[PDB]
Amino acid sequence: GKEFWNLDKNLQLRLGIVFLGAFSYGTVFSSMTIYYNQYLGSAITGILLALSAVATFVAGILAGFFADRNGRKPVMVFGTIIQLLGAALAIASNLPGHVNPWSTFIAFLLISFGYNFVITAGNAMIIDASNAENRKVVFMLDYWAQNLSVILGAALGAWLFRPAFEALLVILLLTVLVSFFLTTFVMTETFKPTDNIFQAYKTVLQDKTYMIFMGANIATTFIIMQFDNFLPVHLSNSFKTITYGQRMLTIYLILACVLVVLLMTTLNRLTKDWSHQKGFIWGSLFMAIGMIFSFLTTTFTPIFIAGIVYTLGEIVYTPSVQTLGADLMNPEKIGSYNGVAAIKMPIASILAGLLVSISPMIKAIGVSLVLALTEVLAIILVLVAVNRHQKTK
């Protein structure tokens, strides 16, 4: 909190923008599958969400490059303009009595795209206006702001999603505006280069030390991808109802976000002068242990505790990995590096989903072995990467 007021103006805007972004995500985007399922098929909803994910990954790659090629600010400003167009069109597509789902999909496809521009470039900018001393503070403040805001979003969302959709859309447009003005007027450019998209990425992919870290990061973000692919299947398939797996899985998310909001500062106090190599390993250890405990148990009391363990790990892990990457990052090609960092979520997700296809054969005990084993791999790759980088001092 006190740290926030002593930061660079640009970084403060970054926190503001992500706050608003996450809030609006919570309220509207969390419940968009409900919307799509209602108006379109579940075959359609699945195809739609697949396209949006591919769309946003491509947004991230383009934003990463253009953040390096031109400045960070133009890209960010472009993103907000895209968002305005999407938000306005989504408002006009959801008029009561004249609700157009397909139009709303396209509008939301725009908003997601526009948002990842502001995110991808914003990440590059975080590195630009940060020094090695305050970098971790920024990353955690970022991470904290998002969690608190997704909760506030979720609360308002539940109350008004079904009754007053348009109200949220109006609010979404208004948050986009706030963010747009901020990005245009208040924000100052942080990077001046001294290009070819393939050549821009070829260099980052040729960075073996970063690529190793990327592989480690994919394995630790693979554990997070559990909520997306194997925690629901587990609970829906075999959760003992207490006077409802999908309802329990929902609790877990709420619990975790609440725990981050509350224990951020506290757990940070204990980890204040830890190495990033350490934080990654302790975080990625508790995260794997928490998931394994959840997978092997089907009762409320153990799962709830198991969830507490995972969140302990996630809180430490998140800022530590985010700083480690920045240190391994080339100062001239930060944008391209953040672009490459987009691949961690789809790959970690695809593998977790692919793993879930074989879930019935191997079962919970079998699944956990694969998690533990891949987490051990993450530890190996982080040490390899940190070691190689340490030389470059």
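Residue positions are given as counts along the sequence shown, with the first one as 1.
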*asked:* Can you tell me how many deposited residues have no coordinates between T243 and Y244? The categories are none, 1 to 3, 4 to 9, and 10 or more.
replied: 4 to 9
*Indicate whether the chain is continuous between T194 and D195 or, if not, how many deposited residues are absent from the coordinates: none, 1 to 3, 4 to 9, or 10 or more.*
1 to 3
*Would you determine, from the values in the PDB entry, which of 88 to 96 and 229 to 237 has the greater average C-alpha temperature factor?*
229 to 237
*Averaging only over Cα atoms, indicate whether 273 to 281 or 174 to 182 has the higher B-factor in the PDB entry.*
273 to 281
*Going by the deposited entry, which of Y115, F108, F213, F198 has the highest CA temperature factor?*
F198
*Highest-ranked of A59, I347, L354, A43 once sorted by CA temperature factor in the record*: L354
*Against its chain's modelled residues, does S368's Cα B factor rank lowest, middle or highest third?*
highest
_Ranking every modelled residue in this chain by its Cα temperature factor as given in the entry, which third contains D207?_
middle
_Please say which third, lowest, middle or highest, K136 falls into when its CA temperature factor is compared across its chain._
middle
*Would you please rank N338 by its C-alpha temperature factor against the other modelled residues of its chain and give the third it falls in: lowest, middle or highest?*
lowest
*asked:* Which third, lowest, middle or highest, does the C-alpha temperature factor of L148 belong to within its own chain?
replied: lowest
